[PDB]
file model-v5.json (JSON, C-alpha atoms)
[["chain", "number", "residue", "atom", "x", "y", "z"],
["A", 266, "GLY", "CA", -3.54, -12.31, 6.62],
["A", 267, "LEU", "CA", -1.04, -10.90, 4.14],
["A", 268, "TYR", "CA", -0.32, -7.22, 3.48],
["A", 269, "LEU", "CA", 1.15, -5.17, 0.64],
["A", 270, "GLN", "CA", 2.70, -1.71, 0.72],
["A", 271, "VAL", "CA", 2.33, 0.32, -2.47],
["A", 272, "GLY", "CA", 3.98, 3.64, -1.58],
["A", 273, "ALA", "CA", 5.20, 5.82, 1.24],
["A", 274, "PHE", "CA", 4.95, 9.60, 1.19],
["A", 275, "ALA", "CA", 5.91, 12.66, 3.20],
["A", 276, "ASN", "CA", 2.81, 14.48, 1.90],
["A", 277, "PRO", "CA", -0.49, 13.09, 3.28],
["A", 278, "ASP", "CA", -2.47, 14.23, 0.23],
["A", 279, "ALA", "CA", -0.27, 12.03, -1.96],
["A", 280, "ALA", "CA", -0.85, 9.06, 0.35],
["A", 281, "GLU", "CA", -4.61, 9.69, 0.43],
["A", 282, "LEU", "CA", -4.64, 10.01, -3.36],
["A", 283, "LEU", "CA", -2.91, 6.66, -3.83],
["A", 284, "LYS", "CA", -5.28, 5.09, -1.30],
["A", 285, "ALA", "CA", -8.29, 6.37, -3.26],
["A", 286, "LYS", "CA", -6.89, 5.12, -6.58],
["A", 287, "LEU", "CA", -6.09, 1.69, -5.14],
["A", 288, "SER", "CA", -9.70, 1.30, -4.03],
["A", 289, "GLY", "CA", -10.58, 1.22, -7.73],
["A", 290, "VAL", "CA", -8.26, -1.71, -8.46],
["A", 291, "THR", "CA", -8.63, -4.04, -5.43],
["A", 292, "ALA", "CA", -11.44, -5.10, -3.12],
["A", 293, "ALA", "CA", -8.98, -5.58, -0.24],
["A", 294, "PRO", "CA", -9.03, -2.89, 2.48],
["A", 295, "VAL", "CA", -6.67, -0.02, 1.72],
["A", 296, "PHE", "CA", -5.29, 2.05, 4.58],
["A", 297, "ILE", "CA", -2.57, 4.50, 5.54],
["A", 298, "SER", "CA", -0.16, 3.69, 8.36],
["A", 299, "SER", "CA", 1.70, 6.84, 9.38],
["A", 300, "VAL", "CA", 4.88, 6.61, 11.48],
["A", 301, "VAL", "CA", 7.77, 8.78, 12.60],
["A", 302, "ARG", "CA", 10.92, 8.03, 10.60],
["A", 303, "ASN", "CA", 14.04, 10.17, 10.35],
["A", 304, "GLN", "CA", 12.43, 13.06, 12.26],
["A", 305, "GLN", "CA", 9.51, 13.30, 9.82],
["A", 306, "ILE", "CA", 6.16, 11.64, 9.28],
["A", 307, "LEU", "CA", 6.06, 8.84, 6.71],
["A", 308, "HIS", "CA", 2.61, 7.93, 5.35],
["A", 309, "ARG", "CA", 2.67, 4.31, 4.15],
["A", 310, "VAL", "CA", -0.12, 3.16, 1.85],
["A", 311, "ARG", "CA", -0.97, -0.49, 2.50],
["A", 312, "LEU", "CA", -3.64, -3.03, 1.75],
["A", 313, "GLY", "CA", -4.85, -6.20, 3.39],
["A", 314, "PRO", "CA", -5.36, -8.53, 5.05],
["A", 315, "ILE", "CA", -5.29, -10.65, 1.90],
["A", 316, "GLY", "CA", -6.41, -14.23, 2.37],
["A", 317, "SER", "CA", -3.97, -16.16, 0.16],
["A", 318, "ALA", "CA", -0.59, -15.90, -1.52],
["A", 319, "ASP", "CA", -2.20, -16.33, -4.94],
["A", 320, "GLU", "CA", -4.49, -13.37, -4.31],
["A", 321, "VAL", "CA", -1.42, -11.34, -3.28],
["A", 322, "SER", "CA", 0.24, -12.13, -6.61],
["A", 323, "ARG", "CA", -2.84, -11.20, -8.64],
["A", 324, "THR", "CA", -3.26, -8.01, -6.62],
["A", 325, "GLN", "CA", 0.36, -7.07, -7.33],
["A", 326, "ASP", "CA", -0.37, -7.63, -11.03],
["A", 327, "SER", "CA", -3.47, -5.41, -10.92],
["A", 328, "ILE", "CA", -1.54, -2.61, -9.21],
["A", 329, "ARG", "CA", 1.17, -2.76, -11.88],
["A", 330, "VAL", "CA", -1.42, -2.77, -14.70],
["A", 331, "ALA", "CA", -2.87, 0.40, -13.16],
["A", 332, "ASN", "CA", 0.64, 1.93, -12.99],
["A", 333, "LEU", "CA", 0.15, 2.77, -9.32],
["A", 334, "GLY", "CA", 3.53, 1.73, -7.92],
["A", 335, "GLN", "CA", 5.68, -1.23, -6.95],
["A", 336, "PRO", "CA", 3.69, -3.38, -4.49],
["A", 337, "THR", "CA", 5.80, -5.23, -1.90],
["A", 338, "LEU", "CA", 4.88, -7.61, 0.91],
["A", 339, "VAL", "CA", 5.05, -6.16, 4.43],
["A", 340, "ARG", "CA", 4.30, -7.45, 7.93],
["A", 341, "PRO", "CA", 2.65, -4.78, 10.16]]
call {"tool": "encode", "arguments": {"input": "model-v5.json", "output": "structure tokens"}}
result
Amino acid sequence: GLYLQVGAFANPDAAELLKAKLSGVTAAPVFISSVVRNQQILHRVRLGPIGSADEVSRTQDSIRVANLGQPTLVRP
């Protein structure tokens, strides 16, 4: 499956907020993957697995319509 990342935040409330908003625009699973980067925690907001490239493109479109960020492909 294919995955998108929509934002990455130092503040977990901001990541959780984006996750909640994304649930209103896609049916794909939305999740936070938190990692240590540059001596801090980075909370990455991701969605997937998406079953096709065409669904990825339409999901990117929906995220932009909702003004929720710049969705980019990622490989966990």
call {"tool": "residues_near_point", "arguments": {"input": "model-v5.json", "point": "(-4.0, -4.2, 1.3)", "cutoff": "8 Å", "atoms": "only C-alpha atoms", "output": "PDB file with C-alpha atoms, in the coordinates of the input"}}
result
ATOM      1  CA  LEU A 267      -1.040 -10.900   4.140  1.00  0.00           C
ATOM      2  CA  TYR A 268      -0.320  -7.220   3.480  1.00  0.00           C
ATOM      3  CA  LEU A 269       1.150  -5.170   0.640  1.00  0.00           C
ATOM      4  CA  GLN A 270       2.700  -1.710   0.720  1.00  0.00           C
ATOM      5  CA  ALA A 293      -8.980  -5.580  -0.240  1.00  0.00           C
ATOM      6  CA  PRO A 294      -9.030  -2.890   2.480  1.00  0.00           C
ATOM      7  CA  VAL A 295      -6.670  -0.020   1.720  1.00  0.00           C
ATOM      8  CA  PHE A 296      -5.290   2.050   4.580  1.00  0.00           C
ATOM      9  CA  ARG A 311      -0.970  -0.490   2.500  1.00  0.00           C
ATOM     10  CA  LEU A 312      -3.640  -3.030   1.750  1.00  0.00           C
ATOM     11  CA  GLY A 313      -4.850  -6.200   3.390  1.00  0.00           C
ATOM     12  CA  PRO A 314      -5.360  -8.530   5.050  1.00  0.00           C
ATOM     13  CA  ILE A 315      -5.290 -10.650   1.900  1.00  0.00           C
TER      14      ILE A 315
END
call {"tool": "closest_residue", "arguments": {"input": "model-v5.json", "among": "A:290, A:327, A:274, A:266", "to": "residue 310 in chain A", "atoms": "only C-alpha atoms"}}
result
A:274
call {"tool": "residues_near_point", "arguments": {"input": "model-v5.json", "point": "(4.7, 13.5, 9.6)", "cutoff": "12 Å", "atoms": "all atoms listed in the file", "output": "number ranges by chain"}}
result
A: 273-278, 280, 298-309
call {"tool": "atom_distance", "arguments": {"input": "model-v5.json", "atom1": "CA of residue 271 in chain A", "atom2": "CA of residue 333 in chain A"}}
result
7.6 Å
call {"tool": "atom_distance", "arguments": {"input": "model-v5.json", "atom1": "CA of residue 318 in chain A", "atom2": "CA of residue 281 in chain A"}}
result
26.0 Å
call {"tool": "atom_distance", "arguments": {"input": "model-v5.json", "atom1": "CA of residue 316 in chain A", "atom2": "CA of residue 332 in chain A"}}
result
23.4 Å
call {"tool": "closest_residue", "arguments": {"input": "model-v5.json", "among": "A:285, A:334, A:322, A:341", "to": "residue 272 in chain A", "atoms": "all atoms listed in the file"}}
result
A:334
